[PDB]
C-alpha cells in the first residue's frame, strides 16, 4: 500500500471531521480506494468515509489491507509537517505499524512518522438508499451555526421540511428557537446557495449531542448535504473530491433595533454583575435597574425611543428576564441583523426576531419570562465634587492593568491631575493621566471638572464589572463625590448606562521599545521562576539554574540595546518573573520602558511612558533575595554546531513532543535528524543544510568535527524554543562530554540555554 495526498492538509481535514465521536476505526484499503466506518460510544451515530482513487495524487494498493488505528494518535501525527507538504501513507502486506511520510516541495525537510496499528473488529456496512423523503444542501457554515445555536436551548433539535421551506426548531426550559431558511441559488457565489428537493415533507427530531458531532465535518466541505426520511436514518454528507464523509443518524409592544449588536452590547454590560432584571417598557422607551449580589453596585439603563429603528407600546409592560438565558439567545445569528422584541398583553414570554440583511435568512426565539419584584429604589439628589470623562478603552485598560496588583483601586483627583493607584502583595502601580483637549482625535480628549479634591477607593471586583459597558460608548463619564456614590456612565444614542458604586475604607535604563524587554522575559520565564538581574555599567546580565539543575539560562543585554543607559553603582535586582510578567503585560509594547533603582535597592521601578502623551504608568515590583548560582567556566571544543530558523526548530520540537518525553538529536555529515520514539508511535524529522541567497534567514548551517547522538528531555526543549521570539535563528552547539548550547542572539545581547543531555 502506497497512497499520497497532494496536500497533507486534506487528510488532516478528513480525520478532524469525525475524530471527536469515535476513538477507534478501521481503514479498509482496496484497489478502488480507502474506506472507513465506525459508530460513536452510544452506537447510534454511524460514520462512513469513502476516499476514491481520484482523491489522491498517486494511489497503489497491491493487496487489500485493513488498517485499524487510534484517531487521537493519528491526529497527533497529522499536526506535524507543514500542511503544504506531500503526505504519503505506506503499509506493508502484513503491517505491524503504518508509516506516514511528509515532504515539502524542496528536499530541505523530510518528516517520517510511524503509528502502531491495532486489532479492531470491523465489518464495513456498505449501504446507502435510493429514496429520501427530502433532500437539501446548505453551506456547512450556516448549518454548523444553526446547530450550535439551538443546542443552547434544547437537547433535541427538530428539522421540518415543506416546499420552499427549511425550519430548524428547538424547545427547552429557558425558551425556544426556530430558524427558517428558503431555497435560493446565488449565481455569483454558488457556495452559499441552498438546494431543496422535497418528495414529501418531514418532521424528524435529532439529538443535539449527535448534530454537534456531525457539524465538525465542515472541515472537509464548504457545503453539507442532508437527506431525510421518515423510514430511514438521516444522511449528513460532506463531499470531497472523489469521495465523501457520511454521518447516519436515526430520528427520535414591539421594539426594533437597526443593529442587533446594540442590545447585545447592553446586556453584556449588565450580565456578570447582575443576575436577573425587570425591563420596564413604556411609550417613552425602556428602563431597567439592577443591583449586584452584595447590593453595592447599582446598574441603571435608560433606552430612549430614538435609539430604536422603530418602537411602539400600547401599554406599560414589565419583562422579567434571566440575563444568562437572554445572552444565550442573543448569541445568534448576526450582530448586524434586525432585532425585534414582541410581547403580548399578558406576557408569558418575550419573542426576539432576528432578521438578516438578506431577505431569505430568518430566525426567531422565545424567552420564558421570570417573576421579579421592582421595589424598592430611591435616588436622592446627588452632588459631586469632581467630574471627568475619558476614552472608555483607556479607562478599561487602566482598570484591567491595575486589577492585576490589588483587589482595591484608588482614584485620586487633584487640580489638573487624575491618579489611579493599586497596592498589592507583589507591588504597587499608579497611572497618572493629565487633562488635555485635542483638536485632532478630539474623541481621545480628557476632560476634568473638579470643584474639590477627591480620594476614593473601590473594589477592583466592581470596576471590572463597570468596564463591561465600554462597548457602548467611545467615552465614559465619572462623577466622584466623597459622600455620594461614584457614578460611571456610558452615553448611548438617546440613552445611557449608569453604574452607582460604593467606596471602601483602607540605575536608569530606558528601552527603545518596551516590547523588547517583555519578549525577553517571556523567553525564559518558563525555565526559571526566580532570577537575579545583575546590572553593571556595561549592561544587564542574568544567570539562573532551575531546581532540577539540568538547565542553565544565561541572559545578557548590552548598553547598545537601550535607548539610554546609566549605572552609577552596580545593583542586583532579584525578581519573581511571574510577578514581573503581570507588570510587563500592562504597559503597551510601543510605550517607553524605563527601569529605575536607587543605590540601596528594596524595590525596582518599571516606568511606562507615552510618546506625545502626558500619560505615565509607573509600576513597582518588590525585590527578593535570590542566592546566586555557582558558575562553571568551561572552554571546550564542541562535536557539532548548527544554526537554523528558530521558527522551524520550534515547530520540529513541538511536533515531536507529542510523541515522547525524549527527543534525540543526531548529527551526521550533511544531515540533521530529530527523533522522538514514544508509545503510540515514533516520528522522525530529517533536515539537510543549505544556503539561500535571497532569504538568508531560512538557511541551515552545519559544521561537524564528529557525529553526535544526544537525547534531551522534551520538557526542557519546549522551554528553550520559547526564545524564538528573540531571534529568527537559533545556534546549537552539541558535545558528548559537554552540555548542549542553545543560543539566541539579540541586538547587542543574547540568551543562552545550556541543557544537559539525558
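Numbering follows the first chain given and starts at 1.
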Interval residue 452-residue 453, deposited residues with no coordinates in the entry (none, 1 to 3, 4 to 9, 10 or more): none
Between residue 189 and residue 190 - deposited residues without coordinates, as a size class: none
Comparing 472 to 480 with 421 to 429, the one whose average Cα B-factor in the PDB entry is higher: 421 to 429
Mean C-alpha temperature factor, higher of 45 to 53 and 685 to 693: 685 to 693
Per the PDB entry, maximal CA B factor within 322, 306, 284, 375: 375
Selection by C-alpha B-factor (highest) of 746, 14, 22, 741: 22
Ranked against its chain, the third holding the CA B-factor of residue 155: highest
Third of the chain's Cα B-factor distribution that residue 293 belongs to, per the entry: middle
Residue 562 by Cα B-factor - lowest, middle or highest third of the modelled chain: lowest
Third of the chain, ranked by Cα B-factor, where residue 396 sits: lowest
CA B-factor ranking of residue 505, expressed as a third of its chain: middle
